[PDB]
Each structure stands twice: as structure tokens, then as C-alpha cells.
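Data block below; observations after.
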Amino acid sequence: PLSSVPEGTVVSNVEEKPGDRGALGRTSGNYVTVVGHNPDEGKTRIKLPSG
Amino acid sequence: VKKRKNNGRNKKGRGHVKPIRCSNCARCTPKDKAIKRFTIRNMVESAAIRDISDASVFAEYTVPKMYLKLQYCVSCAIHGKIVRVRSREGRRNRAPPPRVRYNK
Amino acid sequence: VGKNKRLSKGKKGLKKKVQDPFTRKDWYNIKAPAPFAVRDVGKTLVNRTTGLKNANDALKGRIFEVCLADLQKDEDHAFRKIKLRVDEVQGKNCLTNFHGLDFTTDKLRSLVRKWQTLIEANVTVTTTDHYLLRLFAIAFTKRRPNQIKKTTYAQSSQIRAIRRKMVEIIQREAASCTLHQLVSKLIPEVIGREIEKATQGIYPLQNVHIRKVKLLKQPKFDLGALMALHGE
Amino acid sequence: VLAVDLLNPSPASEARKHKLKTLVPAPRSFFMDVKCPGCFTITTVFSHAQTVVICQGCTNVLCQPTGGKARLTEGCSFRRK
Amino acid sequence: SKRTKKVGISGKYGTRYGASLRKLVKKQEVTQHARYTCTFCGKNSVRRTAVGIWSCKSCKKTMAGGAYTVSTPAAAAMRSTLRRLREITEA
Amino acid sequence: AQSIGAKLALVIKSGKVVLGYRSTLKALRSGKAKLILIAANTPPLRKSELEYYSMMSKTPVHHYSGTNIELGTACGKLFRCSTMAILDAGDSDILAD
Amino acid sequence: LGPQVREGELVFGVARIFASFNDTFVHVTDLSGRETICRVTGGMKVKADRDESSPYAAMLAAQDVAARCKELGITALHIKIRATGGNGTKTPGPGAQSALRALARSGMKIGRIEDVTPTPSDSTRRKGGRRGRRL
RNA sequence: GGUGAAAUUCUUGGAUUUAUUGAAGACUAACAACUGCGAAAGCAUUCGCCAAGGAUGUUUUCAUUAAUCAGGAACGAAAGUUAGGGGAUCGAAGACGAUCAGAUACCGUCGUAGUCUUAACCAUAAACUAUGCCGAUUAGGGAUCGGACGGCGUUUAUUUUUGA
Ligand SMILES: [Mg+2]
Ligand SMILES: [Mg+2]
Ligand SMILES: [Mg+2]
Ligand SMILES: [Mg+2]
Ligand SMILES: [Mg+2]
Ligand SMILES: [Mg+2]
Ligand SMILES: [Mg+2]
Ligand SMILES: [Mg+2]
Ligand SMILES: [Mg+2]
Ligand SMILES: [Mg+2]
Ligand SMILES: [Mg+2]
Ligand SMILES: [Mg+2]
Ligand SMILES: [Mg+2]
Ligand SMILES: [Mg+2]
Ligand SMILES: [Mg+2]
Ligand SMILES: [Mg+2]
Ligand SMILES: [Mg+2]
Ligand SMILES: [Mg+2]
Ligand SMILES: [Mg+2]
Ligand SMILES: [Mg+2]
Ligand SMILES: [Mg+2]
Ligand SMILES: [Mg+2]
Ligand SMILES: [Zn+2]
Ligand SMILES: [Zn+2]
Ligand SMILES: [Zn+2]
């Protein structure tokens, strides 16, 4: 899960909502980057390939 | 002809040195070629110290100093009269001038 | 200049009606934490509390610059200034705690001089209370009374030895402390005098100081802890 | 100057020149016998040893290599042979 | 007995598609038809099967890599970053 | 671990060693082996099998830090090698530590 | 109207004087920087815009600050002089010291002078080019 | 705001100024010098890893293995070229405001390529000490950086020997 991840790591096939089995960053040579966390009201900022 | 033995540069033993920005016209010159002056002065001019002194709330007070380091290109150095032309024999004398210690 | 406005209020505008906004302001007193001597440090201004705009919300993220000389009633600490951040607002009173430290600008420029060596280092540290704060250190070479040589320069190998010693001392002292405990060590400059003794063998190293301290993270508010130091 | 006897320099003047610039080159190093306090044995050690020298008995260090001449352990005595 | 001065592998294209376009494709064709040493068995037999699939002819291992290279500079830089980040922070 | 390179070269000249996998195992049955080396990229199943034989025969094992290509060139040979055994030391001192 | 306090005690403010080579700013805030009490610039007094930086204009602008701040109850000031900074001159302008005297003469109290000019550790490229202003 | 003096431009749709917070790219002030290193071009924040180099010290080892080089080869500031990423600041071309008899300029407000990085080309500079490389000899002096050796004291530490 994206919470158990430090900032700055690249991942792939990220779920828009928990349980939909992959929506984002699933093309050859692409990825997404985590930016920061909000431990309260848990939500994470990410950066998409388009910017 | 060579006008100066050191080429007026003071750079021997190395190939390059990073330049700096002139403090007046913002020109680029090598750091070793610029004329550098270090100045220590008071925050206020000597006539104004009394007015600040008796308006303070700390009994005796000492106004702080200000420290600056100005550095010029040669073209702006002798137009502002920081340095001036010397004679042929007097050129080769690098001792700092003797500041007046009696003031008449 | 009176006669330069051309567009003035802009595309289309009209004059105002109500003025003098100072009729609705209020004054509050500011307090200081436990270790410092004097508690009153001045007054502050804010709009009066009203519907849709609470006053306490505007007095919970302010910081103040107070010279350490005023807090300790001593002119020795006339070159260090520290910040106090407001947290809770009692009746016509603001409560504050530590938020940093810094030298005055003129003291730092007077220390640096030509024909000397400047050594500087930094290191992050966390306390038993989960505070993430960073410390800076500074020192200069010391001349010898019978010295004839013009310049006192240290070798770069010796500089790295001193820099390594600086980091070890700072970590050891701040390893097991609280924020209140650490502040009580900053004002008598315990860190500086201990660093000078340890580095004596490598080089004399006059003028040991902690240049500045700034904090990066804070734990939960924990109102019980704030009242412990205040209202003594 | 302008009239000097080059064949017979004074011994004091030859003790200051470089080891190779004298009239005939000569080393300025020597050997010595070191007395380890623990044992009663004798070991021959170069003055400019580049290696850590171990005594035959009780296995104790006697010298530490350095840039010039090796420094001996504090609790030891030697004679220049 | 060199048979070419500069054209190289992209000599099958004759005089078509322009000189510049042939140079770019040659840069990418040369690196995909070569052989690479296996990271597991050590033999010099690894060749590309699909657009992003490389497999060893001896130990039968199959690995996913770049389009025309076994690994890419971006992917290589990430392993070191991930290794360095993990071991200092959690250990 | 730079010392192991120099020690191993001396053993080749003075002592006797046997290279390969089948011959290494056959030496372990006899119980007269003294030290075996294992390369980094040997198959994990083969690695775990070799250590079990050593445990029965109680002989020390050393884990080489390089691939099987580097182990071969560390012995003057022009071919890959993954495991080996040292039947006896010559004038070297590998078994000292 | 003002803070209630005994006659012996006095309440403090801070004055932030920004003196460039083209204008001078006199600005008074509370102990923190959040609340502005008064602000008058040198351009409001002079009408020729080549004298906005003149020391005379700074005196006039500094005088009515004391008058305007007098009834608010504040009686003492801290001073923080600053130059242009950054890539600028780092020398305070001619009107920097004229305003400081006018605050003292008008009757306000002074303490803790300081310089707050911003200095870079290593700056971006500065305007002008490599050959400078050739006039 | 900007200038010798002005204008173009921005502004109660709150400009300029004040305090707190965030993001991005470039750059390493003061200390910094008639000081250090490299074949030259060049190289300045911390720490970890990787291979290399000069001098000094030496009663180790080899024994002429050396000097300089037509053609030939490696590296070679800035600008410029080919493909991606990046694009804060400055700013060729360009557009306006003043000045002037004219002003396609000097001065002022904007601003594209470029300035930075990865993978490949280009091989020129007042690339300067306008002074080719190896070896021997010839005169007085005081400073300074690196290594070794000798010496009377001061300083100082779980302190001696070391270091200043
Ligand atoms: Mg879907
Ligand atoms: Mg050199
Ligand atoms: Mg050059
Ligand atoms: Mg003006
Ligand atoms: Mg002129
Ligand atoms: Mg505003
Ligand atoms: Mg950054
Ligand atoms: Mg140096
Ligand atoms: Mg620096
Ligand atoms: Mg030639
Ligand atoms: Mg270039
Ligand atoms: Mg370029
Ligand atoms: Mg394309
Ligand atoms: Mg591009
Ligand atoms: Mg611009
Ligand atoms: Mg033009
Ligand atoms: Mg040429
Ligand atoms: Mg030439
Ligand atoms: Mg001489
Ligand atoms: Mg001397
Ligand atoms: Mg020396
Ligand atoms: Mg000595
Ligand atoms: Zn200039
Ligand atoms: Zn003994
Ligand atoms: Zn394989």
C-alpha cells in the first residue's frame, strides 16, 4: 500500500481508489512519484507522467 | 613594452581565476585584478550621536558599526579618485600610504 | 508626488465611506517560557473578536523577535536574538515557547577577519520529545602571545579533524534531553566551552559559538506540557 | 672566498651539508641494540626501520615506522652500536 | 575486405529514407542484435526475443529489460537509490 | 578482502587443488579436504547442498566475493569456475585464519 | 483607544526604514510584523520626483510618523535599517540617517539599532552584462 | 518604478511596503593572500565510495633500460551543431520609451535562441611568461608552502611522546 512508502520512490499501476486494480502509470517506461503524506485524514500527493 | 612587471594583475602560478562583479558599473573583472577597499564606519554620522545617545532607554549606549567591502574595476577606480596616476619611478611602490595620525 | 496619478482608482471606481479602522482593535499582553527571567515582553494588536471571525484564530501563529539581553536582564547576551511562538490565549494573555535562535548581524561580521581560518559545521538532532531541530557551529583560529609569524592558518587535514569533533560533541549533548532542558544549556553556552576543551590538542581554536538553531518538526500540541512551564 | 682550501673542509662545516653533497657521500643512519624490559635478549634494529619490529621473546612491539626515524616504545632503552 | 566505409549494418536500406534517418536507426539496431553476458550463469549468450524480453540460451532464464538494451540508465539509477535509501533509513 | 587474491596464487604454485563441482564433491566424501571456495553467482540450490556436505565433514567454507568468471581468472586459468577444494596448503597460510 | 498601562511603563514598537537610492520608506508595526500602524514614503512630501530620496524629504516623512503614532500610545521604537540588498548596492541611501534623527528629536524613544540588509550566500546573475553600464 | 533629468510600464479589481509558509531551477559571498594542485584547458559548501599523483625519508631492488622528436595518436575555455530532459535568473535577434540635425547605438521597460544537464560532433582564443625541452657553471639578502633532522622554554589535555 502507498502509505508504507517513503517519499521520492517511483511506483507503477497505482489504484485511483483502493480496490479497483490499477489505473495510473502502466505504459512502457512510465511511473509515478510520491511527494508527501498527510498522516491525519490519510491522503497522499502524487505526480503523474503528464506533470 | 611592458608597463608593469606583474602585468598589473597579481596572478602567477595558476591558469584561471573566477571573475567578480564591479560594485559600481557591474562589470566583470578577475578577482585578483580588482581594487578592494575594506571600510568600518558607524551607523550614524558623528554629529547625530548625541541626539541618539540621550534619547536611548539603556543609560549609556554604543551605536553599532557597519562593515563593507567595496571592489571596483580600474576604469571606475580612477574616476572616483580611489587611486590616481603615479610617476614612472613611483609606480613600483606597494606600501600602503601613511594615514595622517596628527591631523594638524 | 501629488500630480502624477493618471489612472488613479482604475477603470471605474468611487470613494470610500468608513475610515479609521483602529477603533476596533484590542491589545494583549505577551508572556515568556519558564527558563527566562522576565516574562512580560510587550504588547500586540489585533481586530476585536466578532461573529464569523474569532480573535484567537489570528493569535496562534505569530512569532516575536526578543533580544536575549531583555529576557535575562543582562547586557552580556546583547548579540543573540530568539523567537517566541504563541500557542494558547488565556484572558488577555498570550503564551509562547521556544522557536529558534540567531546572532545579530553586526556581531558575526566583526568575528570574521583576514589571515585566520574559519571552521563551520552543522548537524540535525532529535530530542526525547520528538522535536526535529538543527544546530550550527562556528569557530576561528587563535593567535599565540609570543607569535611572530603574520598568519595563523590550520591545515585542511586538521580542519576535518575539528569538524568531526564538533559533530560528535553536539550529538552527545543533545542525545538525551528535552526542549526545556536543551534551552537551559544554550544560554550559558555550555556547548561552546566543552568543544574548546576537547579540540585543544588539535589546535587552540578561539571563539567557539553556536551560530543559530531552527526546528523542523513538532509533536502533538499537548496542552498539559505548555502550562507546566508557564504560570509559575 | 676567492682563496679557499677545498681539499680539507672543517668537520663542523661538513655536518650541515646534505648527505649526498659532501666531498664523499656517507650515510647518517646507524644500527642499535634495544633492551626490552620484559626479556633479557638483544635485538638489532635499524634507526629508520619501515616495519613494525617484534621481539623474539614475549612478542612485544619495539618501534613504530614514521616519515623519518622510527620512534621507540617509551619503556625501552637502546645503545648505538 | 571491409565491404563498407561508413554505412555499416544499415546497408540493406540502399539509397532510401534519407541519410539522417538511416543513422538514427543504425544506432538502435546495433545494440539489439548483439549478445550480452548472463547475470546468473555467466555465459555469453543472452538475446532479445520480444520488444522488451531477453532470455538466456543456456540456463533458460527470462528477464524483462529495455526496448533495445538489457537495462536502461533510468532503471539502473533507481536500484542504487532504492538500495541506499532502504538500508540507511531502516538499518 | 584483497589478501585472498595473493594467498590463492601461491597455493597454485606450491600446493595442490582441484577445480570444478563433481571433483569437489568427490574430495568431500574422502574427508581429506581442508577448505572449499564458493562463487557469488552459483545456483542457490547448489550452494546449500555444498554447505551441508561441509557441515557433515566439518571443514571450513569461504564465500568468494566475485562471480564465477573472476574466480577462474584468480587462479591463472582461462575458463569459468564456481567451486574448488584445497587438498593441502603449500607454503601459504590460508588455513591460519 | 490605547493600551492601558501605568505612567512609569512605556510600550514599544518597531520602525522598519527601507532607504534605497531612489526613495525612502518609513514603516511602523507592532512588536511582531503582522500589524501595520503607520507608513509614509518620501514621495508623498516632494513633488519633483528627483528629490524623493533627498534627506530633507526623509525628515518631513519621519516627523508626521511621530505625530500619528503619538496618540496610539506607543512611545518607544526599535530600528531596523536595510538597503536594497540582494544584487543591489548594500549601502543605505542618503535618507537612511536623516529619518533616524527626526524620530529622536520629535520625542520618541529609541533602542536596539540594527541592519537587516539581505545578503546572498551565492547569487544569481546580476543585471547589466559583462561590460557594465557604459555611461 | 527608473534616470544626469524624463518617459514607456504597474496601481484603491489594493500596486510598492510588512510578517509567516510552499515549489522550482541556477550559483557557492565574507574567510581568500604577490597562497595551494594539475600535461595544458582548468579546479572552492558537507560527508561516503573508487582508482591515480608529486615531494621528502631509506646501509631495500634492477643495471644503461636514457634525451629530443618529421608523419601518427589522447585531452582541448567560450560561442556554435544534432537528439531527449530542464527552463528560476540574465539575455544575441525582435518590439516599444527617451536622447539627437539624424541614432537601425550608448541610457530605460519587456523579451526568443542561448545560459544548466545526459548521449554524440566541432578543434579554434591576446589558448600569454607574447620567452620550446634536457644538462653544467656563475652573487648578496630576507619572507613564504610541503617533508626530514637538532635545541632552551611557554601552553596544554587521563596530560607524558605527539599538536600549537
Ligand atoms: Mg480502468
Ligand atoms: Mg605547476
Ligand atoms: Mg588562459
Ligand atoms: Mg526617484
Ligand atoms: Mg567614461
Ligand atoms: Mg499589499
Ligand atoms: Mg535547491
Ligand atoms: Mg591553501
Ligand atoms: Mg563558502
Ligand atoms: Mg608533429
Ligand atoms: Mg564548450
Ligand atoms: Mg553551448
Ligand atoms: Mg523527434
Ligand atoms: Mg535543447
Ligand atoms: Mg530580463
Ligand atoms: Mg536592436
Ligand atoms: Mg593559432
Ligand atoms: Mg604564440
Ligand atoms: Mg640566490
Ligand atoms: Mg625568517
Ligand atoms: Mg618547513
Ligand atoms: Mg622538532
Ligand atoms: Zn566599475
Ligand atoms: Zn620481554
Ligand atoms: Zn544464463
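Every chain in the C-alpha cells has a letter given in the order shown (A, B, ...), and although residue numbers restart at 1 in each chain, ligands are simply numbered from 1 in the order shown.
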Go through the chains and note each residue within 9 Å of ligand 14, using only C-alpha atoms (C1' of nucleotides) and all ligand atoms, then give the set as a list in words.
-> residues 83, 84 and 85 of chain H
Selection above as a file: N, CA and C atoms (P, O5', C5', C4', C3', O3' and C1' of nucleotides), as a PDB file, in the first residue's frame:
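Written out: again.pdb:
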ATOM      1  P     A H  83      17.688  17.422 -34.607  1.00  0.00           P
ATOM      2  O5'   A H  83      17.554  16.025 -33.862  1.00  0.00           O
ATOM      3  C5'   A H  83      16.590  15.840 -32.841  1.00  0.00           C
ATOM      4  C4'   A H  83      16.969  14.703 -31.930  1.00  0.00           C
ATOM      5  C3'   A H  83      16.261  14.674 -30.588  1.00  0.00           C
ATOM      6  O3'   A H  83      14.972  14.095 -30.663  1.00  0.00           O
ATOM      7  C1'   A H  83      18.578  14.384 -30.255  1.00  0.00           C
ATOM      8  P     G H  84      13.716  14.863 -30.029  1.00  0.00           P
ATOM      9  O5'   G H  84      14.151  15.100 -28.519  1.00  0.00           O
ATOM     10  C5'   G H  84      13.198  15.060 -27.470  1.00  0.00           C
ATOM     11  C4'   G H  84      13.688  14.209 -26.329  1.00  0.00           C
ATOM     12  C3'   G H  84      13.523  14.804 -24.942  1.00  0.00           C
ATOM     13  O3'   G H  84      12.216  14.641 -24.420  1.00  0.00           O
ATOM     14  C1'   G H  84      15.718  13.988 -25.178  1.00  0.00           C
ATOM     15  P     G H  85      11.418  15.909 -23.846  1.00  0.00           P
ATOM     16  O5'   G H  85      12.047  16.137 -22.401  1.00  0.00           O
ATOM     17  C5'   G H  85      11.889  15.162 -21.384  1.00  0.00           C
ATOM     18  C4'   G H  85      12.913  15.320 -20.288  1.00  0.00           C
ATOM     19  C3'   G H  85      12.822  16.584 -19.453  1.00  0.00           C
ATOM     20  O3'   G H  85      11.816  16.528 -18.458  1.00  0.00           O
ATOM     21  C1'   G H  85      15.065  16.217 -20.071  1.00  0.00           C
TER      22        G H  85
END
Once you count only C-alpha atoms, which residues of chain G turn out to be within 7 Å of chain B? Could you give them as an mmCIF file with N, CA, C and O atoms, in the first residue's frame?
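What follows is the written file result.cif:
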data_model
loop_
_atom_site.group_PDB
_atom_site.id
_atom_site.type_symbol
_atom_site.label_atom_id
_atom_site.label_comp_id
_atom_site.auth_asym_id
_atom_site.auth_seq_id
_atom_site.Cartn_x
_atom_site.Cartn_y
_atom_site.Cartn_z
ATOM 1 N N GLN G 97 19.841 57.984 7.471
ATOM 2 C CA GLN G 97 20.181 58.553 8.768
ATOM 3 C C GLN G 97 19.372 59.795 9.102
ATOM 4 O O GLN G 97 19.200 60.112 10.284
ATOM 5 N N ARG G 101 17.295 60.543 12.991
ATOM 6 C CA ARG G 101 17.371 61.704 13.873
ATOM 7 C C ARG G 101 15.996 62.300 14.130
ATOM 8 O O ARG G 101 15.658 62.631 15.272
ATOM 9 N N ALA G 104 14.200 60.796 16.834
ATOM 10 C CA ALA G 104 14.740 61.116 18.152
ATOM 11 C C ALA G 104 14.374 62.532 18.577
ATOM 12 O O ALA G 104 13.994 62.760 19.730
ATOM 13 N N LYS G 109 11.260 57.475 21.897
ATOM 14 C CA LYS G 109 12.414 56.793 22.466
ATOM 15 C C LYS G 109 12.949 55.742 21.499
ATOM 16 O O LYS G 109 12.212 55.197 20.675
ATOM 17 N N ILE G 110 14.247 55.459 21.611
ATOM 18 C CA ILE G 110 14.965 54.627 20.653
ATOM 19 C C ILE G 110 15.733 53.542 21.397
ATOM 20 O O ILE G 110 16.262 53.779 22.487
ATOM 21 N N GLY G 111 15.777 52.345 20.813
ATOM 22 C CA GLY G 111 16.612 51.277 21.329
ATOM 23 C C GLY G 111 16.828 50.203 20.289
ATOM 24 O O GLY G 111 15.985 49.990 19.413
ATOM 25 N N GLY G 128 23.013 43.855 -16.180
ATOM 26 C CA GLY G 128 23.973 44.779 -16.748
ATOM 27 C C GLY G 128 24.788 44.242 -17.904
ATOM 28 O O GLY G 128 25.102 44.979 -18.840
ATOM 29 N N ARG G 130 28.333 41.842 -19.177
ATOM 30 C CA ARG G 130 29.730 41.705 -18.796
ATOM 31 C C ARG G 130 30.500 43.010 -18.930
ATOM 32 O O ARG G 130 31.567 43.153 -18.327
ATOM 33 N N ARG G 131 29.959 43.990 -19.644
ATOM 34 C CA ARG G 131 30.667 45.234 -19.886
ATOM 35 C C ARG G 131 30.141 46.394 -19.057
ATOM 36 O O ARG G 131 30.746 47.470 -19.078
ATOM 37 N N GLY G 132 29.036 46.212 -18.341
ATOM 38 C CA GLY G 132 28.537 47.229 -17.441
ATOM 39 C C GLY G 132 27.831 48.361 -18.157
ATOM 40 O O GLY G 132 27.731 48.411 -19.383
ATOM 41 N N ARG G 133 27.329 49.300 -17.357
ATOM 42 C CA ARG G 133 26.670 50.488 -17.888
ATOM 43 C C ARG G 133 27.740 51.447 -18.387
ATOM 44 O O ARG G 133 28.483 52.027 -17.592
#
Within 10 Å of ligand 5, counting only C-alpha atoms (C1' of nucleotides) and all ligand atoms, residues as a PDB file with N, CA and C atoms, in the first residue's frame:
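Writing done, so here's part.pdb:
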ATOM      1  N   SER B  75      38.675  51.105 -14.393  1.00  0.00           N
ATOM      2  CA  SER B  75      38.096  52.254 -15.082  1.00  0.00           C
ATOM      3  C   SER B  75      37.258  53.100 -14.134  1.00  0.00           C
ATOM      4  N   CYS B  76      36.493  52.457 -13.255  1.00  0.00           N
ATOM      5  CA  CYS B  76      35.716  53.173 -12.254  1.00  0.00           C
ATOM      6  C   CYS B  76      36.529  53.522 -11.017  1.00  0.00           C
ATOM      7  N   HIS B  79      38.187  57.119 -11.769  1.00  0.00           N
ATOM      8  CA  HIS B  79      37.217  58.181 -11.981  1.00  0.00           C
ATOM      9  C   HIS B  79      36.574  58.626 -10.678  1.00  0.00           C
TER      10      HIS B  79
ATOM     11  N   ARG G 133      27.329  49.300 -17.357  1.00  0.00           N
ATOM     12  CA  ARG G 133      26.670  50.488 -17.888  1.00  0.00           C
ATOM     13  C   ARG G 133      27.740  51.447 -18.387  1.00  0.00           C
ATOM     14  N   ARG G 134      27.816  51.623 -19.700  1.00  0.00           N
ATOM     15  CA  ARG G 134      28.887  52.410 -20.304  1.00  0.00           C
ATOM     16  C   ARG G 134      28.501  53.877 -20.462  1.00  0.00           C
ATOM     17  N   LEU G 135      28.037  54.478 -19.372  1.00  0.00           N
ATOM     18  CA  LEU G 135      27.786  55.915 -19.307  1.00  0.00           C
ATOM     19  C   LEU G 135      27.885  56.399 -17.867  1.00  0.00           C
TER      20      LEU G 135
END
Produce a table with one row for each residue of chain H that has an atom at most 9 Å from any atom of ligand 12, each row naming the nearest atom pair and its distance in Å at one decimal; use only C-alpha atoms (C1' of nucleotides) and all ligand atoms; arrange rows by chain and rising residue number; format as JSON lines.
{"residue": "H:78", "atom": "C1'", "partner": "ligand 12", "partner_atom_place_in_ligand_line": "1 (Mg)", "distance": 8.5}
{"residue": "H:79", "atom": "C1'", "partner": "ligand 12", "partner_atom_place_in_ligand_line": "1 (Mg)", "distance": 7.0}
{"residue": "H:80", "atom": "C1'", "partner": "ligand 12", "partner_atom_place_in_ligand_line": "1 (Mg)", "distance": 7.2}
{"residue": "H:114", "atom": "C1'", "partner": "ligand 12", "partner_atom_place_in_ligand_line": "1 (Mg)", "distance": 7.4}
{"residue": "H:115", "atom": "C1'", "partner": "ligand 12", "partner_atom_place_in_ligand_line": "1 (Mg)", "distance": 8.0}
Could you build a table of the residues in chain B lying no more than 10 Å from ligand 3, giving for each the nearest pair of atoms and their separation in Å rounded to one decimal place, using only C-alpha atoms and all ligand atoms, ordered by chain and ascending residue number, as CSV?
residue,atom,partner,partner_atom_place_in_ligand_line,distance
B:14,CA,ligand 3,1 (Mg),9.1
B:15,CA,ligand 3,1 (Mg),5.5
B:16,CA,ligand 3,1 (Mg),6.0
B:17,CA,ligand 3,1 (Mg),9.3
Residue subset to file, keeping N, CA and C atoms, as an mmCIF file, in the first residue's frame:
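So again_15.cif came out as:
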data_model
loop_
_atom_site.group_PDB
_atom_site.id
_atom_site.type_symbol
_atom_site.label_atom_id
_atom_site.label_comp_id
_atom_site.auth_asym_id
_atom_site.auth_seq_id
_atom_site.Cartn_x
_atom_site.Cartn_y
_atom_site.Cartn_z
ATOM 1 N N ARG B 14 49.141 29.926 -11.601
ATOM 2 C CA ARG B 14 47.855 29.319 -11.904
ATOM 3 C C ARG B 14 47.405 29.808 -13.270
ATOM 4 N N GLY B 15 46.382 29.152 -13.806
ATOM 5 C CA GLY B 15 45.924 29.462 -15.144
ATOM 6 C C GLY B 15 44.682 30.324 -15.216
ATOM 7 N N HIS B 16 43.765 30.157 -14.266
ATOM 8 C CA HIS B 16 42.483 30.841 -14.333
ATOM 9 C C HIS B 16 42.008 31.182 -12.929
ATOM 10 N N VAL B 17 41.165 32.208 -12.851
ATOM 11 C CA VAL B 17 40.525 32.610 -11.603
ATOM 12 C C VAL B 17 39.155 33.185 -11.939
#
Residues up to 12 Å from ligand 19, counting only C-alpha atoms (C1' of nucleotides) and all ligand atoms: could you list those as a PDB file with N, CA, C and O atoms (P, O5', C5', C4', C3', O3' and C1' of nucleotides), in the first residue's frame?
ATOM      1  P     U H 138      79.506  27.438  -9.471  1.00  0.00           P
ATOM      2  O5'   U H 138      79.339  28.924 -10.018  1.00  0.00           O
ATOM      3  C5'   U H 138      80.474  29.721 -10.321  1.00  0.00           C
ATOM      4  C4'   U H 138      80.087  31.048 -10.926  1.00  0.00           C
ATOM      5  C3'   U H 138      79.237  31.965 -10.061  1.00  0.00           C
ATOM      6  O3'   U H 138      79.991  32.681  -9.099  1.00  0.00           O
ATOM      7  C1'   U H 138      78.336  31.878 -12.241  1.00  0.00           C
ATOM      8  P     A H 139      79.414  32.894  -7.614  1.00  0.00           P
ATOM      9  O5'   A H 139      78.329  34.048  -7.777  1.00  0.00           O
ATOM     10  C5'   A H 139      78.722  35.402  -7.979  1.00  0.00           C
ATOM     11  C4'   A H 139      78.342  36.274  -6.806  1.00  0.00           C
ATOM     12  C3'   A H 139      77.933  35.522  -5.540  1.00  0.00           C
ATOM     13  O3'   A H 139      78.368  36.257  -4.398  1.00  0.00           O
ATOM     14  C1'   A H 139      76.177  36.938  -6.210  1.00  0.00           C
ATOM     15  P     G H 140      78.498  35.535  -2.968  1.00  0.00           P
ATOM     16  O5'   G H 140      77.859  36.586  -1.958  1.00  0.00           O
ATOM     17  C5'   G H 140      76.594  36.348  -1.362  1.00  0.00           C
ATOM     18  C4'   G H 140      75.932  37.638  -0.948  1.00  0.00           C
ATOM     19  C3'   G H 140      74.647  37.499  -0.153  1.00  0.00           C
ATOM     20  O3'   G H 140      74.865  37.231   1.220  1.00  0.00           O
ATOM     21  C1'   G H 140      74.312  39.051  -1.884  1.00  0.00           C
ATOM     22  P     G H 141      73.905  36.205   1.998  1.00  0.00           P
ATOM     23  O5'   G H 141      72.549  37.018   2.187  1.00  0.00           O
ATOM     24  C5'   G H 141      72.549  38.277   2.838  1.00  0.00           C
ATOM     25  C4'   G H 141      71.236  39.000   2.666  1.00  0.00           C
ATOM     26  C3'   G H 141      69.999  38.269   3.150  1.00  0.00           C
ATOM     27  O3'   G H 141      69.838  38.341   4.554  1.00  0.00           O
ATOM     28  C1'   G H 141      69.576  39.225   1.032  1.00  0.00           C
ATOM     29  P     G H 142      69.566  37.006   5.404  1.00  0.00           P
ATOM     30  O5'   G H 142      68.008  37.067   5.715  1.00  0.00           O
ATOM     31  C5'   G H 142      67.461  38.170   6.421  1.00  0.00           C
ATOM     32  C4'   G H 142      66.134  38.597   5.849  1.00  0.00           C
ATOM     33  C3'   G H 142      64.989  37.613   6.003  1.00  0.00           C
ATOM     34  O3'   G H 142      64.409  37.651   7.293  1.00  0.00           O
ATOM     35  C1'   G H 142      65.017  38.455   3.797  1.00  0.00           C
TER      36        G H 142
END
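Close contacts of residue 41 of chain F, defined as residues with an atom at most 9 Å away when counting only C-alpha atoms (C1' of nucleotides), with chain neighbours fewer than 2 positions off set aside, comprise residues 39, 40, 41 and 42 of chain E; 38, 39, 43, 44, 66, 67, 68 and 82 of chain F.
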